[PDB]
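Same chain, two versions here, written out as structure tokens and called structure 1 and structure 2.
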Structure 1
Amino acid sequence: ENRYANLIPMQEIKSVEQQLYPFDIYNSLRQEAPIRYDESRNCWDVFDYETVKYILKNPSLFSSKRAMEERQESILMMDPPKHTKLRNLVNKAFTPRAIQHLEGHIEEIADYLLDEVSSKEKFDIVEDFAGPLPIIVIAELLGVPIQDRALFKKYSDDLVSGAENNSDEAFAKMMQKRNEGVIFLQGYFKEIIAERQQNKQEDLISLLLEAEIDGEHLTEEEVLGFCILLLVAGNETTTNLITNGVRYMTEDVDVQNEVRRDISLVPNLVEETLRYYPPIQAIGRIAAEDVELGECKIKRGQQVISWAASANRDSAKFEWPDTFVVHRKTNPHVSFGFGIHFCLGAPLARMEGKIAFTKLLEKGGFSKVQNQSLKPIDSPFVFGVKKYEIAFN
């Protein structure tokens, strides 16, 4: 069928171990052919850094309109000029300057979460820390109560899940799970939107209902698209940033110790986690016209999957591509994308990661619980684990 290839795993990724560390496979594929058509998924894969960046930089050539006849009327799936107008509503809300005032409060949220576990021998960094903290932050930004964090996590995670394979049964099981998260989350936000239409508040949702574009209010679908995209993007990725950073720091305790002993290295650590364990592995696009990249001729309308996970380790751009380095003078990864769709939340994600890692490090040395069976999140464009247990020494 005409299915989104970014939800369907490559055939080159087979075992669970490979899902937990697919980067050697991506590097082999990059070397064999940095651009290849995958007949199992009816798409091109692009693995090299230069071409990924070129795709993201050329929205006129590679369109973001890739909704799978799905309910995603958000800027993520829009092209200029509509993308420009809707994004200009929110861009000033997510700058470094706009968020600086949240620093103390995010530190307070992290302190409170680590207090719920101080007297716990071992704990799940996902359930007890990395999961809650991003959800709490984005809910306060949106103006939405989320006191049942586990409920919203479940359905937010649903909207990112992919297919086990390219079969018909796997795709149907995937759409069933995605549809459940749409029902609850669309419904919840429709109710909050109606509540804000009746009585405005000092929150993002209320601002979106007052804002005018081309002399008219936003459609309900458009406000809903903002609400869900901001919710899901705001928490699912950031949780994997924190978890993946804690994963690497308990796989390589040398790095953990170094950064704990020189806390000014936390920003580099955040960037290197994003490069080395990118929460988002692949970004989709649709060819807007025929495009000749190499010898490879991309025909208008074909799916084009750009692998940030591979671009981040392209040795043509990165020294020591497969080594975790906390002393890099620059780190031009594409884990937040590039160009007009560049991650709106990157300053917020970077602040949350910086505070999350700092609070963990300051609480002392910590180790992974050995003899656990890690479970990768079931989505091929995501990289993270469902659970990750650690303990303080």
Structure 2
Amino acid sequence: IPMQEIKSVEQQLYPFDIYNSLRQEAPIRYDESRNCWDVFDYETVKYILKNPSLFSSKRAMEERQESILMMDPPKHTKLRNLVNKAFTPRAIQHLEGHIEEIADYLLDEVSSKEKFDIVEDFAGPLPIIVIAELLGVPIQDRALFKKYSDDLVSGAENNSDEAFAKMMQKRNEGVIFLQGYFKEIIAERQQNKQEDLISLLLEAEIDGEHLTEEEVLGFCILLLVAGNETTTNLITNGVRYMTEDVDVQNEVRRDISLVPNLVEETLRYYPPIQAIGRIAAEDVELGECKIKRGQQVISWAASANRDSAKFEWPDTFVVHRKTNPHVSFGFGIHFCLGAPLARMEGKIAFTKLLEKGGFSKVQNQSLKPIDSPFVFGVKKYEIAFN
């Protein structure tokens, strides 16, 4: 359910001027229609995230509990600490070759094609293949794995009651499949360990505590939910920017060391996740606004990422920033566990693309935004190499 200031399709595809205006009028505002507080300014987004005691990640138990994302300390702290070791930049760095092999593979499958969808053909599959490798999905089981991960976040045929129904069947059908499949794999690895993440998670120990199989199960479902579409949107949003501003593409193709800046600046400018939800746990005054216990507090990273108070040239895509303290991965204790992996898949994806040569956006597409108003990315983006 989107905010009323976002009217057309073209605004969903570039709402940043809208959010910027809103940030100037009211850094905090209550939207009666959506029954929530929106926060647009960086300093107050940072503060919300940095104070889990005031602003909670907990959710109504009717909605699913996506593992650590929807926990508060002290529980969140214990579980994160058990899954942490596997996601640091050093821990995953060794995957660079495999991720390179995959991106090479995916681009080789579209060589004689004169145009292709970066989503379906490249950016969508890369995270699925990688997290499959990482988790320990055998290669021979990827097809169904990919299929229901795809199904997990599928769009709709229309925004009706009929197609929203159909989609939610499909999504939920995938969560069920994936819960069954992992439950099967967790169990497999529970009694015979393999050289993979699921096994590594089962063996973790901190203060004598282990994760339960159900915690590993839920964490594995989270990695797909949290890790696939967002990374896919990173690669696609980046390819989108690099075809909207070709000089940026060509600058980075010539100084390939700029790709890490390209990735952070894509995250800042075209953030795959544009908003973070919290439920207020106490009454708290933000500026002059009186936020009450129980109220929903949406912090907009896409607005925050462009705050004149924190970022120079906030509406200009710059690959030479000295710091890029966006909140596209959040901030604080819930800071994306997958940022090193997303940053590496992002880096490799952009590199292989640039090394293949110039590429351009294909003429006369109807760019279709992702349905959620918390997500920023497109369902399809056709490009062509020259």
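The term rigid core refers to the maximal set of C-alpha atoms that superpose within 1.5 Å between the two forms. Here, residue number means position along structure 1's sequence, counting from 1.
With the core superposed, a Cα shift of 2 Å or more between the two structures singles out one residue among 298, 224, 126, 266. Which one is it?
If I go through the list carefully, the shifting residue is 224.
On a core-based superposition, does residue 326 travel 2 Å or more at its Cα between the two structures?
The answer is no, as the C-alpha of residue 326 shifts between the two structures by less than 2 Å after core alignment.
Does residue 82 move appreciably between the two structures, meaning a CA displacement of 2 Å or more on the superposed rigid core?
No; that C-alpha moves by less than 2 Å between the two structures.
Using the core for the fit, does the CA position of residue 91 change by 2 Å or more between the two structures?
Comparing forms between the two structures, the residue 91 CA shifts below 2 Å.
Superposing on the core, what C-alpha displacement does residue 363 show between the two structures, in angstrom?
C-alpha shift for residue 363: 0.4 Å.
Once you lay the two forms on top of each other by their rigid core, how far has the C-alpha of residue 203 moved between the two structures, in Å?
In the core superposition between the two structures, the C-alpha of residue 203 moves 3.3 Å.
Core-aligned, what does the C-alpha of residue 171 shift between the two structures, expressed in angstrom?
Here residue 171 registers a C-alpha shift of 8.6 Å.
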